[PDB]
*Asks:* 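The structure follows.
Nothing fancy with the numbering, it's 1 onward along the sequence. Values below: every heavy atom of this structure, side chains too, minus hydrogens, waters and symmetry copies.
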Amino acid sequence: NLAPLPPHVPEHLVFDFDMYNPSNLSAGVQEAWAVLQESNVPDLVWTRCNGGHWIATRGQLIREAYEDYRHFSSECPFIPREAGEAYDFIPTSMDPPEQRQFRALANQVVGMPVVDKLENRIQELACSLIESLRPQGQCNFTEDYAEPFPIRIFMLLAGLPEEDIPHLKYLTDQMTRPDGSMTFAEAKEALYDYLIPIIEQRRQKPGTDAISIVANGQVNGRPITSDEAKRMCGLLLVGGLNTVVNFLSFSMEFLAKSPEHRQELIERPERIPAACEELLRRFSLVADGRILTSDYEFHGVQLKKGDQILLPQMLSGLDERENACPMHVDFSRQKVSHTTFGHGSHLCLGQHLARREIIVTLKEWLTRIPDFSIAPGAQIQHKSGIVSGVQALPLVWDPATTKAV
Ligand code: HEM
Ligand SMILES: CC1(C)[C@@H]2CC[C@@]1(C)C(=O)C2
Ligand SMILES: [K+]
């Protein structure tokens, strides 16, 4: 159902795009979202779907809005409104300068230093998972690697039982790609019920894991509260279980269909970091937004206080104004422009971990399984939401062409 058009919204700016089920989804999710950048669509439109909200379609506007937190607040960053209001993760639900201290603490646990420290376990796991698959001559990448690799590394960092992964993944799936079984608030409360006793125990008997570090951290001179700890940890769980996990599948689906791109990285490995960046652009997958703090005219459009605006991080790099031939993958672009990891004060803190996991995957997989393809008769399907994903990715290969190291 489309929501009634608000009086202040001109009819020529309406474009009923459903971020949870785009029309051209069969052509791939990024392609489905790119229809918003066709010549028939204004730079800023209003969709009546999911309660009704604005959507900035150009990199220029997305960057702008993400910078101007005074007008575009993180307080209600998710669509639909019920989700945006229930969303209380730290520091994502706060605007500068309040998020400052909280962002610093989260940085201690998932920042650059920590990624350096865990580099060996990351390399270890990738190699391990891949050496297991190698002889099989086939695998469902989404469950055999995309999920275990990033998630187990996160469980290791947070000090959580790998036994809890299925329960935790389901809950985070409901917060990014809702299947209807639970509302955001319900998924959040279940997640919080899981976290609370664990935070309690670690505040009493502190450890070296991320949860202990956060739970016993200091924010602005005083100790962090159990609630604040819970809200930051809730966010870490989502980032850990529902980001790289989804992205790896888009990348590997592409590689499975691009023999020439695979060989290119095999021959010239020094290019992998650039290829990681290019894949991050072409297969960007996040889309959240902000809320108007007051009436405001943005690029000739009258925005009303309380209006929600989706600022798809995914679109900036697909914008032909930012990158020529945006849908083409070219590992040697002189500049890969994108906002895949966000923009503004909330720029992703886990980006260093994400890039390491991606780069390690690229090199390690290609070393052992240089030639692979999508299973014949496989119909790959994508799913859309706050973070898009791949339903399943059936891969097949000849073991005789692979090699152990
Ligand atoms: C492919 C990988 C990833 C992508 C595309 C991604 C994307 C994003 C985006 C777009 C934002 C900003 C959202 C906003 O402004 O409202 C963000 C923030 C954040 N990300 Fe990531 N992320 C990735 C991986 C991770 C991982 C592995 C973690 C770690 C668990 C993580 C933790 C965070 C945190 C804590 C923030 C909040 C920072 C703040 O509010 O100041 N992310 N991420
Ligand atoms: C939008 C995000 C990818 C970023 C990290 C996890 C996520 C869903 C958030 O809530 C902030
Ligand atoms: K909120």
*Asks:* Does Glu75 have more than 12 heavy atoms from other residues, nucleotides or ligands lying within 6.0 Å of its CD?
*Replies:*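 No, because the 6.0 Å sphere around CD of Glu75 holds 12 heavy atoms or fewer from other groups.
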*Asks:* Kindly check if the number of other-residue, nucleotide or ligand heavy atoms within 6.0 Å of CD (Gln379) is above 12?
*Replies:*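 No, CD of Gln379 has 12 or fewer neighbouring heavy atoms, counting only those of other groups under 6.0 Å.
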*Asks:* Can you check whether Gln313's main-chain N or O pairs, donor with acceptor, with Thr339's side chain at less than 3.5 Å?
*Replies:*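 At least one qualifying donor-acceptor pair exists.
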*Asks:* Would you check if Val286 and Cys348 make a side-chain contact, meaning some heavy-atom pair closer than 4.5 Å?
*Replies:*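 When only atoms from C-beta onward are counted, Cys348 and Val286 do not touch, as no gap falls below 4.5 Å.
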*Asks:* Quick check: do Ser249 and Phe141 have side-chain heavy atoms less than 4.5 Å from each other?
*Replies:*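 SC-SC contact between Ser249 and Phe141 confirmed.
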*Asks:* Taking ring pair (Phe, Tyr, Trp, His ring centres under 6.0 Å) as the criterion, tell me which of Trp54, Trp46, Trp33 meets it with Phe17.
*Replies:*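 Of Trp54, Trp46, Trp33, ring pair (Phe, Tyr, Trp, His ring centres under 6.0 Å) with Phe17 is met by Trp33 alone.
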*Asks:* Are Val405 and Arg368 side-chain neighbours, meaning at least one heavy-atom pair lies under 4.5 Å?
*Replies:*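 In short, these two side chains touch, coming nearer than 4.5 Å.
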*Asks:* With a 3.5 Å distance limit and no angle check, can you tell me whether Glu320 reaches the backbone of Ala324 through a side-chain donor-acceptor pair?
*Replies:*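 No; zero donor-acceptor contacts below 3.5 Å.
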*Asks:* Does the distance from a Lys or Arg side-chain N to an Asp or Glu carboxylate O, for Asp319 and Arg63, drop under 4.0 Å?
*Replies:*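 The answer is no: the pair does not qualify as a salt bridge.
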*Asks:* Without swapping roles, check the side chain of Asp95 against the backbone of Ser74 for a donor-acceptor pair under 3.5 Å.
*Replies:*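 Between the backbone of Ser74 and the side chain of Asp95 there is a qualifying donor-acceptor contact (under 3.5 Å).
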*Asks:* Can you confirm whether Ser226 sits close enough to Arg203 that some side-chain heavy atom of one is under 4.5 Å from a side-chain heavy atom of the other?
*Replies:*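 Side chain of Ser226 against side chain of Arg203, heavy atoms only: contact under 4.5 Å found.
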*Asks:* Does the gap between the ring centers of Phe72 and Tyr66 come in under 6.0 Å?
*Replies:*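 Ring centroids of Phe72 and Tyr66 are no less than 6.0 Å from each other.
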*Asks:* Is it true that the side chains of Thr172 and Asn242 contain a donor and an acceptor less than 3.5 Å apart?
*Replies:*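 There is such a pair (donor and acceptor under 3.5 Å, judged by atom type) between the side chains of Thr172 and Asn242.
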*Asks:* Between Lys230 and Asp227, is the closest basic N to carboxylate O distance under 4.0 Å?
*Replies:*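 Yes, charged N to carboxylate O under 4.0 Å.
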*Asks:* Would you check if the side chain of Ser258 reaches a backbone N or O of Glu260 as a donor-acceptor pair within less than 3.5 Å?
*Replies:*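 No; judged by distance alone, with no hydrogens or angles, the pair does not exist.
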*Asks:* Taking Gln174 for the side chain and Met182 for the main chain, is one N or O donor matched with an acceptor at less than 3.5 Å?
*Replies:*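 No; judged by distance alone, with no hydrogens or angles, the pair does not exist.
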*Asks:* To the nearest 0.5 Å, tell me how far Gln136 CD sits from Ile369 CD1.
*Replies:*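 Taking CD in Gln136 and CD1 in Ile369, the distance rounds to 9.0 Å.
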*Asks:* Do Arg290 and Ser73 pair up side chain to side chain, a donor and an acceptor below 3.5 Å, judged on atom types alone?
*Replies:*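 Side-chain D/A pair, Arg290 to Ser73: absent.
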*Asks:* Is there a donor-acceptor pair closer than 3.5 Å between any side-chain N or O of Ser212 and the backbone N or O of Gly207?
*Replies:*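 Answer holds: yes.
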*Asks:* Could you measure the distance from the NE2 atom of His343 to the CD atom of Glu67? Nearest 0.5 Å is fine.
*Replies:*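 Reported to 0.5 Å precision, the distance equals 3.5 Å.
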*Asks:* Of the non-hydrogen atoms in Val214 and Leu105, which two are nearest, and what is the gap between them?
*Replies:*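 Residues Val214 and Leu105, closest heavy atoms: O-CD2, 3.8 Å.
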*Asks:* Atom CG of residue position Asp193 - does it have more than 12 heavy atoms of other residues, nucleotides or ligands inside 6.0 Å?
*Replies:*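 Count over threshold, so yes.
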*Asks:* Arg333 and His328: which non-hydrogen atoms are nearest, and at how many Å?
*Replies:*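 Taking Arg333 first and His328 second, the nearest heavy atoms are NH2-O, 2.9 Å.
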*Asks:* I would like to know whether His71 and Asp68 meet side chain to side chain donor-acceptor pair (under 3.5 Å); could you show each step before the answer?
*Replies:* CA-CA 6 Å; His71 279 115; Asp68 188 11; 2.8 Å; yes
*Asks:* Salt bridge or not between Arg103 and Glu98? Use side-chain N to carboxylate O under 4.0 Å.
*Replies:*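 Judged by the 4.0 Å cut-off on N to carboxylate O distance, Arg103 and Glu98 do not form a salt bridge.
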*Asks:* Any ion pair linking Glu228 and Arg231 (charged N to carboxylate O, less than 4.0 Å)?
*Replies:*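 Here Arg231 does not pair with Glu228 in a salt bridge, since their nearest N and O are not under 4.0 Å apart.
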*Asks:* Taking all atoms of both residues into account, what is the closest heavy-atom pair of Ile199 and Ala215, and its distance?
*Replies:*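 Closest heavy-atom pair between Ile199 and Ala215: CG2-CB, 4.0 Å.
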*Asks:* Is the shortest side-chain N to carboxylate O distance from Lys335 to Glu322 below 4.0 Å?
*Replies:*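 Between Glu322 and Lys335 there is no salt bridge, as every charged N stays at least 4.0 Å from the carboxylate O atoms.
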*Asks:* Looking at every non-hydrogen atom in both residues, tell me the closest pair between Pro96 and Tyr69 and how far apart they are.
*Replies:*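 Nearest pair, atom of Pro96 first, then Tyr69: O-CE1, 3.6 Å.
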*Asks:* Aromatic rings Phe250 and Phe283: how do their planes relate, parallel, tilted or perpendicular, breaks at 30° and 60°?
*Replies:*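 Rings of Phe250 and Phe283: parallel, under 30°.
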*Asks:* I want to check something: taking the side chain as every heavy atom from C-beta on, are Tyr194 and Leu160 in contact at a cut-off of under 4.5 Å?
*Replies:*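 Heavy-atom side-chain distance check passes, below 4.5 Å.
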*Asks:* Are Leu315 and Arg58 side-chain neighbours, meaning at least one heavy-atom pair lies under 4.5 Å?
*Replies:*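 Sidechains of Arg58 and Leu315: no contact.
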*Asks:* Could you report the tightest heavy-atom contact between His352 and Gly111, atom names first, then the distance?
*Replies:*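 The answer is CD2-C, 4.5 Å.
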*Asks:* Is there a donor-acceptor pair under 3.5 Å between the side chain of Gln308 and the backbone N or O of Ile291?
*Replies:*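 Side chain of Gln308 to backbone of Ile291, a donor-acceptor pair under 3.5 Å: no, none is there.
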*Asks:* Any salt bridge linking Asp295 with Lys305? Criterion: basic side-chain nitrogen under 4.0 Å from a carboxylate oxygen.
*Replies:*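 Salt bridge flag = no for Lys305 with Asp295.
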*Asks:* Keeping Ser384 on the side-chain end and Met19 on the backbone end, is there a donor-acceptor pair under 3.5 Å?
*Replies:*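 Indeed, once roles are kept as given, a pair shorter than 3.5 Å links the two residues.
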*Asks:* Looking at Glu31 and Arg282, is any side-chain nitrogen of the basic one under 4.0 Å from a carboxylate oxygen of the acidic one?
*Replies:*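 Here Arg282 pairs with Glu31 in a salt bridge, since their nearest N and O are under 4.0 Å apart.
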*Asks:* What I'd like to find out is whether the side chain of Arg262 reaches to under 4.5 Å of the side chain of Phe372, using heavy atoms alone.
*Replies:*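 The answer is yes, as the side chains (C-beta and beyond) meet within the 4.5 Å cut-off.
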*Asks:* Within the 4.5 Å heavy-atom criterion, are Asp144 and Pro148 side-chain neighbours or not?
*Replies:*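 Counting from C-beta outward, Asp144 and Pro148 never come under 4.5 Å.
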*Asks:* Going through the checks in order, is the salt bridge (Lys or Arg N to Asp or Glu O under 4.0 Å) test met by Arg355 and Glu277?
*Replies:* CA-CA 8 Å; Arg355 287 189 177 89; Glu277 211 64 21; 2.9 Å; yes
*Asks:* Test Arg121 against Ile153 for side chain to side chain contact (heavy atoms under 4.5 Å, CB included), laying out the working first.
*Replies:* CA-CA 8 Å; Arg121 299 310 298 280; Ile153 287 171; 5.8 Å; no
*Asks:* Please evaluate residues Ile130 and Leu133 with respect to the criterion side chain to side chain contact (heavy atoms under 4.5 Å, CB included), reporting the C-alpha separation (whole Å), side-chain torsions for both, the decisive distance (0.1 Å), and the verdict.
*Replies:* CA-CA 5 Å; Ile130 303 167; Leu133 293 176; 5.6 Å; no
*Asks:* Under a 3.5 Å distance rule, please check whether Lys188 uses its side chain to pair with a backbone N or O of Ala86 as donor and acceptor.
*Replies:*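 It does hold such a pair.
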*Asks:* Please round to the nearest 0.5 Å and tell me the distance separating atom CD1 of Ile272 and atom CG of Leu362.
*Replies:*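 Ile272 atom CD1 to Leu362 atom CG measures 6.0 Å (nearest 0.5 Å).
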*Asks:* Should we count NZ of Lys363 as having more than 12 external heavy atoms under 6.0 Å?
*Replies:*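 No, not enclosed.
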*Asks:* Step by step, work out the side chain to side chain contact (heavy atoms under 4.5 Å, CB included) result for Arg202 and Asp209.
*Replies:* CA-CA 9 Å; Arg202 275 117 114 136; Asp209 60 278; 3.0 Å; yes
*Asks:* Can you tell me if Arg48 uses its side chain to pair, donor with acceptor, with the backbone of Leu5 under 3.5 Å?
*Replies:*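 Answer holds: no.
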*Asks:* Give me the atom names and distance for the closest heavy-atom approach of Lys304 to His8.
*Replies:*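 That closest heavy-atom pairing would be CG-CD2, 3.2 Å.
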*Asks:* Please test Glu253 against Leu395 for side chain to side chain contact (heavy atoms under 4.5 Å, CB included), starting from the C-alpha separation and ending with a verdict.
*Replies:* CA-CA 9 Å; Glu253 178 187 4; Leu395 297 187; over 6 Å; no
*Asks:* Would you say that more than 12 heavy atoms from the other residues, nucleotides or ligands in this model lie under 6.0 Å from the CD of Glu297, or not?
*Replies:*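 Yes, the 6.0 Å shell around CD holds more than 12 heavy atoms from other groups.
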*Asks:* Over 60° means perpendicular and under 30° means parallel, so classify the ring planes of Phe89 and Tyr87, tilted if in between.
*Replies:*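 Geometry flag for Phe89 against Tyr87: perpendicular rings.
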*Asks:* Between CD1 of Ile266 and CG of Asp371, what distance do you get to the nearest 0.5 Å?
*Replies:*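 One finds 8.0 Å between CD1 of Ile266 and CG of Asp371.
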*Asks:* Within this structure, what is the CD-CD1 distance for the pair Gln101 and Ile224, rounded to the nearest 0.5 Å?
*Replies:*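 Interatomic distance, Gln101 CD to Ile224 CD1, rounded to 0.5 Å: 11.0 Å.
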*Asks:* If you measure from CG on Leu285 to OG on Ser388, what distance do you get to the nearest 0.5 Å?
*Replies:*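 That separation rounds to 6.5 Å.
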